[PDB]
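Coming up is one lone chain in structure tokens, specifically the form solved without the ligand.
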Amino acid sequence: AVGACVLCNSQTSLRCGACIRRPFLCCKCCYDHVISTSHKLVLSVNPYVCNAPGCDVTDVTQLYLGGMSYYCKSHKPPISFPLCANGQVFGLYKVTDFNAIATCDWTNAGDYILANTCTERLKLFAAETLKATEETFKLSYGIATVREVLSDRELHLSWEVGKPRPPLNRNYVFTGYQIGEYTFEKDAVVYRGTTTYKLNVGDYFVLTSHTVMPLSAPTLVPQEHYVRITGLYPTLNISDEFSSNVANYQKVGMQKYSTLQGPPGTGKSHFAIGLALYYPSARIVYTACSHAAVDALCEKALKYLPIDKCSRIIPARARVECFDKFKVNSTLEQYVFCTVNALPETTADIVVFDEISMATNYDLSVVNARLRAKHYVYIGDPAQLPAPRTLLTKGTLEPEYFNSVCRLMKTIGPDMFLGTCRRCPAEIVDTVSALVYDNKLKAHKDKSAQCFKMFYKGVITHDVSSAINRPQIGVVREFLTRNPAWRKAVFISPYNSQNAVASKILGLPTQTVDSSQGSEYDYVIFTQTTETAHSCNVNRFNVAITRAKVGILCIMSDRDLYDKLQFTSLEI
């Protein structure tokens, strides 16, 4: 218990006992904390509790130092000094924002705003506190037990009484009982196990509540600007394919860390892999939160980088399927592709962190703790989707508050901006450029004349809280009969329940906006489903319409976003 203060680093024996993370607080900061919050328990080698037998006084403001022990007002000896006096709490080696982070329930957007506008040490305290809160909230949910096994992909569940039921979607991953991780989609429910096991009745599922480790490293290391490219050796012979990013790869070698805002289809993966061709002797660790984002970088590296110097790090507890073409778990390879949670303790000449809007400050800090690099490159787009904040239910989380990297890209601007979209028909590029990019995203493709929009509110039904709009799926069914080229389209919507109904009626492959991020399809059929803050979110709208290479059909509920779509309007 000899540590450093989380607000001014002043060494102390004091730790707040009411805080879920028990931060070390100095004599002056422990006081401003206990005097302005319900948090009154103070800890050291021994807690600040009354030493008199059977006495339950633990409030530090009601306690005194009786020589070597602590006593309340009713038990203190004549020669006793209060623990709280002169703006200090008695201890060895003798903040409004710290109080709000220590006592908030993380259900409001203002909680996340603060966790990102506060000092660096408070961002790590905020990130452990939030993650610990999120993990103890997983215990609140009830146990699901297999009642009847219908087939190899359908079952019927029996839920625990008294405890709420967690939302049935791919967002929530259960642990079977240790028969492997499992997931469900909606009394006919679909069951998907990470490990193929002959489903037994009586075997139950519980959400994987993992221990929240403390954070040591900052979210962002302190910025360093250099006059020359440092520790990296460029090629003079640089492939014409990657010539557009040569000035940007040099900016990467002349700064400790750099930010790259890359709208959809502007060449983020190409920039990331081309940085390896530009610094060809440099050891690069490629990281992202999801296995899908690490795999998309693995796909781009298979096409340009030597496959024998590549390695895909897969955690021993292999959850879902991964990239198979690289030698697995060879930590020492020049190119290592790995998710943030599976990152080994290693060093690199460059660390590339992709899909930065999906990172949390907890993820940012983990990467700085496991990887010691000469250069760090953060690639993503703050106009794309952030990580789901399971506790947040009141207020909207704006892009400048997703993480430190996004906060920077939205305030001081990004260091590098990929300004030309090569994926989308110009109708889509023109819509999202005006919507989220201040008219600075340019269209490489021409207008495809295959981008359509329909204003159809339909009928909104609900499977618990996940929404369905059957008349919107019916309008799509009518459209498909008249436009059979759209047979190979991917169906996208903001709700998995709309996607389950569209899968059975249309037969199209189905994807939620959130799971479609970073993917591209020739044709996209999007039904807005509802007029909610979730379905009207401009970042989600931006991701939804930028998945299409050739054509898109948008069946809209919101007049604002429908009027903003620079598409050909249809009728029926």
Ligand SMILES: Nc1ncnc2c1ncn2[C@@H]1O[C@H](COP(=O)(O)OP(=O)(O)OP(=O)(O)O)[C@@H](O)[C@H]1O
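Don't overthink the numbering: it's just position in the shown sequence, from 1.
Omitted here: the form deposited with the ligand bound. The next part is about that form.
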{"property": "Among 260-268, 151-159, 103-111, 317-325, the region lying within 4.5 Å of the ligand in the deposited complex by heavy atom distance", "result": "260-268"}
{"property": "Option touching the ligand, based on a heavy atom within 4.5 Å in the deposited complex, out of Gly180, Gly231, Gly395, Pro471", "result": "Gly231"}
{"property": "In the deposited complex, the residue from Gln250, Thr145, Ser281, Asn99 that sits within 4.5 Å of the ligand by heavy atoms", "result": "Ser281"}
{"property": "Triplet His291, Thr360 and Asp363 all within 4.5 Å of the ligand in the deposited complex via a heavy atom", "result": "no"}
{"property": "4.5 Å heavy atom contact, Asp308 to the ligand in the deposited complex", "result": "no"}
{"property": "4.5 Å heavy atom contact, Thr136 to the ligand in the deposited complex", "result": "no"}
{"property": "Any non-hydrogen atom of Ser244 within 4.5 angstroms of the ligand in the deposited complex", "result": "yes"}
{"property": "Contact flag, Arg422 vs the ligand in the deposited complex, heavy atom cut 4.5 Å", "result": "yes"}
